[PDB]
Amino acid sequence: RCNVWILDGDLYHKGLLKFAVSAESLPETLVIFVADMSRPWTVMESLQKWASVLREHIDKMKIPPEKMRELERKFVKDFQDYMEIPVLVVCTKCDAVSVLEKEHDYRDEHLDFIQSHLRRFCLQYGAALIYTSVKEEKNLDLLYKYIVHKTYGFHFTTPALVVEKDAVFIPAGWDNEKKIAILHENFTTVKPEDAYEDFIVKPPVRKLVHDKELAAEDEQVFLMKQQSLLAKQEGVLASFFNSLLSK
Amino acid sequence: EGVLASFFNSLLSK
Amino acid sequence: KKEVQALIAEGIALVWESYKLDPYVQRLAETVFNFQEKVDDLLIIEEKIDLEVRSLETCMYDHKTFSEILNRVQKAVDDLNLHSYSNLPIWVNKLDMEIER
Amino acid sequence: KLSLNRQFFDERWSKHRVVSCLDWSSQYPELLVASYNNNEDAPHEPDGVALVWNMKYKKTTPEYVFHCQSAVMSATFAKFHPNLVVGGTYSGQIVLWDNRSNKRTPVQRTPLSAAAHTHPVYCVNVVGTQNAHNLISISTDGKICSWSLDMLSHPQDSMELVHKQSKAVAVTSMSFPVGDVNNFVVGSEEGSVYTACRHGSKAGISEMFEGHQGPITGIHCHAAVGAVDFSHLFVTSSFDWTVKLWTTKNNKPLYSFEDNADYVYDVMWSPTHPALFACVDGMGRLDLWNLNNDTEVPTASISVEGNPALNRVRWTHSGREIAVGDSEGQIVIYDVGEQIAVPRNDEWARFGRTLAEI
Amino acid sequence: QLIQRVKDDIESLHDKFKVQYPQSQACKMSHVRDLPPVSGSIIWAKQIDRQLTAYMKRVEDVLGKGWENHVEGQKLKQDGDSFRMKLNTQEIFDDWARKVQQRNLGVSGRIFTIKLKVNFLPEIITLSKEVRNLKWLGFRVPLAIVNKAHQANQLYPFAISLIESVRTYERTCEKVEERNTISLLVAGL
Amino acid sequence: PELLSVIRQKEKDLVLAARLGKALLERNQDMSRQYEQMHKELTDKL
Amino acid sequence: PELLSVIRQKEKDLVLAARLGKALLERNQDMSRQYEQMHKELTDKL
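- For this deposition, the record names cryo-EM as the technique by which the model was determined and cites 3.93 Å as its resolution.

Structure, rendered in structure tokens:
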């Protein structure tokens, strides 16, 4: 049985992480990072937020530098040895892509943009990317198999799927900048180096802006003001009718 | 508005 | 208080001979009665909300008892909404933070 | 007294699905077809489902199960073809299910062309004699199409319903008088109730009845037949928190019954008792109004457990048992008490006298 | 006694209106009966308004003329007026009109698009329904909206026929492709 | 043919301008009616 | 020919409609100003 630890989204509870991972239990732990595809625009901001939180957590652990470099060597050896600590990025509510086509006029270029961003981030952290949909039950068994493989060392056989928009799967080591360059061919307006935020926009949700506080004047200032007061006492039609007048 | 109505009636007839 | 200051602002311009003094006296008399009645109700309505919010500190730690207190506080806010006392969203938010504390 | 008899509910099928319509078979009265809508949560399940339940056995599961590509909104046993079950769809397409055939998929299916229905079809009914009968269907766009049960590819007749020259009548419910195969009454989303003729020089809408200030949900003409001819009467139930009794003679409501506190979704005259009808509310209350006993309060009332919204009501052909369909999709049957259901022999003249009082 | 009973009734109405419309059972059951959502909200509020009018008329009958300034009719009238002030639905209609004009949907264009597609969406039908109910509700719908709804209603059956024909043709093509032997015979069709 | 085409265009402009003029005449009439009502009432009160 | 005569008659109708509509629009504006001004006179008188 594999221990499961779900941290609340607020940083106020991030200090609970010390009770989820310890020095003895760090190598046995597999890290899962969730990305919400119903809110794609915050995905990388959230990912650098939580990854940075994990880096800060590992900093407070005070692992010996030799042991830390040993862990890095083990992880990288697992990395380059791939043929056709661990970090796995899981995308949730990818079926909301169907919403993005109808509500925000997205297209294959935008989806290529976000997934190329996600694969470059996975390269940065050496992670495996996967797309899921609990609503549609997509890639759940593929997930479970990969999780068991990477934790218990079980076998794995599924290949990398990078053609379908909402079912992408990339095991660790598969991705590379040359392999990521295929999506940049589909780009016709944006570039790989363009900023996330300028192209993909965070919608300005029409929150109820509470009205200005209307305040009654104080009695003294009001009476002073009253004392001061008391003591001192069509075209388009014309265009058409000009058009039919010139001729 | 007699001439106005007369022209409008004549144009409606046409 | 804005309306009464507007009606009083209207009366400062009048003189005793004005024929408008007939409708004006009834208007000022009626509105100030409405101001007094609403303020008197508010002093009673907020006392009830104040007694309930202080009751949260010293009630049994059971969900139904907590829900019952907030249910009574919610009904008082709903009556304030009907009367149309202004700035109600700003005021309730202050009440929400003190309930949250 | 109303007494719980049988809850009907399937875990796989009826869950997360409101009952869009109920109907009891004529020759096998124990059967009860019930249509359902699309399940929101599970796209993989079929949108339209129709379960034929059986009261004779004690089996919880449906006797037959059918489904089709689009949410079923009307369902009816073919009144002179026992092996058939007709149903409408939100897509506006009659689907015919044969119980003898092993296909849960419809055996026949009407087009979606302009001549055939395209808007949702909330009213389907077989009308005529066994020697000759037609499937009349009315969509929410006012189109009413005659269909033969044998062949559904081509409409037998197609006509539109209109009033005040060009104004579409959005028919939400439809009923027929007992024994009449030309006149019918259709409630509209506009709140008006239209008496219309199927064939005639003035074929189409014949009369407008005003008084309902919300959309009409359920219309039903009088069913009980006895010494006195009460065929003209009919009861409507509408979103304006009212049931209203009308006669085809009078352009205004004969009476208004409003002891409710919500919408009223379906009303039906009892099929054996002349002055009894039953209306189902949104608060989960099934209310039997016997107008001879008392007129200002329901004669009987029973609430379903959990207070679900009660979309439909259908008496049994015997009139002793009444099935009501809720939002949960549970078909709860009630047994109507002896003192309410079976009429006194003088009930017909008694209801005539109460009508005279109005 | 009757005024106390009517106070209980309008209190029940207050309870019903406090429960917001999207959470109410009326919203779900109105969606069931093909009623669009905005029209559903407006209709719900209109019925609650009608019932408040009915109860105020009950009070007027009970206390006769001058019930506005009676000992128990004064509170009734004040609460009823303040409640009816918030049963107004003009804001909902205005917001719907503004949103739909912002969308600026349409139907003009080529009937087909390139797999084969029919240049037509189901959502365009809902607008027509949203117009129709509103026309009975007494709102003056904008003329552009009315023209758009009329065009949508006029072209909807033909659009459905095209969509169904395209779907059937595609599936027949797939069936023919899964059995290449019958491809030769069905070349003409 | 081209003469008939320009005839059609001038007829379209003509019917548009005629409808605009008729609408302006109707607005003129309405101005007269509200003038009548208000003048009658205020002067009758006087 | 006759079609040219129809062209000419359409031209006369067009220019007549132009002058008619322009005069009607200016008259409507003037009439509104007159109504407002005399209303201010009559309400002040009352």
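Moving on from the model shown.
Side note on empty space enclosed by the protein
Step number 1: Its volume calculated, the largest cavity comes out at about 150 Å³.
Step number 2: Around the largest cavity, the lining is made up of 16 residues, and of these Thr172 and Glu189 of chain D together with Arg33, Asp34 and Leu35 of chain E lie nearest the centre.
Step number 3: Broken down by secondary-structure element, the contributors of at least two residues to the lining of the largest cavity are β14 (171-175) of chain D together with α6 (123-137) of chain E.
Step number 4: Sort the elements by how many residues they give to the lining of the largest cavity and α6 of chain E lands first, with three residues.
Step number 5: For the lining of the largest cavity, the per-class residue count stands at eight nonpolar, three polar and five charged.
Step number 6: Roughly 80 Å³ of volume is contained in the second largest cavity.
Step number 7: What lines the second largest cavity is simply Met37, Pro40, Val97, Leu100, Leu111, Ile114, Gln115, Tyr131 and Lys165 of chain A.

Side note on the interface of chain E and chain D
Step number 1: Counting from both sides, the interface comprises 29 residues of chain E and, opposite them, 31 residues of chain D.
Step number 2: Contact between chain E and chain D buries roughly 2,900 Å² in total, counting both sides, with carbon and sulfur atoms accounting for 59%.
Step number 3: Considering only the surface of chain E that becomes buried against chain D, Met29, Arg33 and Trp136 of chain E emerge as the three largest contributors, covering 27% of it.
Step number 4: Summed over the shared surface of chain E and chain D, the number is zero salt bridges.
Step number 5: Where chain E meets chain D, there are eight residue pairs in polar contact.
Step number 6: Secondary structure elements with two or more residues in the side of chain E that touches chain D: α1 (2-18), α2 (25-32), α3 (37-63), α6 and α7 (143-178) of chain E.
Step number 7: A total of seven residues in the side of chain E that touches chain D trace back to one element, the largest contributor, which is α2 of chain E.
Step number 8: Tallied by class, the residues present in the side of chain E that touches chain D amount to 14 nonpolar, eight polar and seven charged.

Examining the UniProt feature "repeat: WD" in chain D
Residue and element names in this part refer to chain D.
Step number 1: The feature "repeat: WD", as given by UniProt, occupies residues 14-63, 67-107, 116-157, 166-206, 211-256, 259-299 and 305-344 in the numbering adopted here.
Step number 2: Helix makes up 0% of residues 116-157 and strand 55%, and the two end C-alpha atoms of the span are 9 Å apart.
Step number 3: Along residues 259-299, the helical share is 0% and the strand share 44%, with 11 Å between the first and last C-alpha atoms.

As for the interface of chain G and chain F
Step number 1: Every contact between the two is made by 21 residues of chain G and, on the other side, 24 residues of chain F.
Step number 2: With both chains or domains summed, chain G and chain F bury close to 2,100 Å², and 80% of this area falls on carbon and sulfur atoms.
Step number 3: Its largest share of buried area at the contact with chain F, chain G owes to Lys10, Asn28 and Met31 of chain G, together 25% of the area lost on that side.
Step number 4: Taken together, chain G and chain F are joined by one salt bridge.
Step number 5: The residue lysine 10 of chain G makes a salt bridge to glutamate 11 of chain F at a minimum N-O spacing of 3.6 Å.
Step number 6: Our enumeration of links across chain G and chain F arrives at two residue pairs in polar contact.
Step number 7: Residues that form the side of chain G that touches chain F fall into these classes: 13 nonpolar, five polar and three charged.

A closer look at the sheet that holds strand β1 (residues 2-8) of chain D
Residues and elements named next belong to chain D.
Step number 1: The four strands lie next to each other as β1-β28-β27-β26, forming an open sheet whose pairing is antiparallel. Looking at the sheet topology across the chains shown, the edges are occupied by β1 and β26 (310-315). Averaged over neighbouring strand pairs, the angle between their axes works out to 25° when direction is ignored.
Step number 2: Pairing between strand β27 (residues 321-326) and strand β28 (residues 331-336): five bridges, direction antiparallel. Its bridge partner being in β28, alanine 323 is matched across the sheet by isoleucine 333.

Quick look at the arrangement of the chains
Step number 1: There are ten pairs of chains in contact here, and the one with the most contacts is chains D and E.
Step number 2: A minimum C-alpha distance of 15 Å separates chain A and chain B, which share no contact.
Step number 3: At their nearest point, the C-alpha atoms of chain D and chain G are still 34 Å apart, with no contact between the two.

Calculation criteria
- Residues numbered from 1 in each chain as written, not as in the entry; some residues may be left out.
- Chains lettered and ligands numbered in written order.
- Part of a larger assembly, values for the part shown.
- Heavy atoms only, no water.
- Residues with missing side-chain atoms left out of burial classes, pairs and counts.
- 1 Å grid on protein atoms, 1.4 Å probe; cavity = no way out; pocket = protein on both sides within 12 Å on 5 of 7 lines; lining within 4 Å.
- Points joined across faces, edges and corners; volume = space filled by probe spheres on them.
- Helix = DSSP H or I, 4+ residues; strand = E, 2+ residues; numbered from the N terminus.
- Nonpolar A, V, L, I, M, F, W, Y, C, P; charged D, E, K, R; others polar.
- Contact = heavy atoms within 4.5 Å.
- Buried area = accessible area lost by both parts, 1.4 Å probe.
- Salt bridge = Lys/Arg side-chain N within 4 Å of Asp/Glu carboxyl O.
- Polar contact = N/O pair within 3.5 Å; in protein donor to acceptor, adjacent residues only side chain to side chain.
- UniProt positions renumbered as here; feature names shortened; annotations may be inferred.
- Pairing = 2+ DSSP bridges.
- Axes fitted to C-alpha atoms, helices over the stretch in contact; angles between N-to-C directions.

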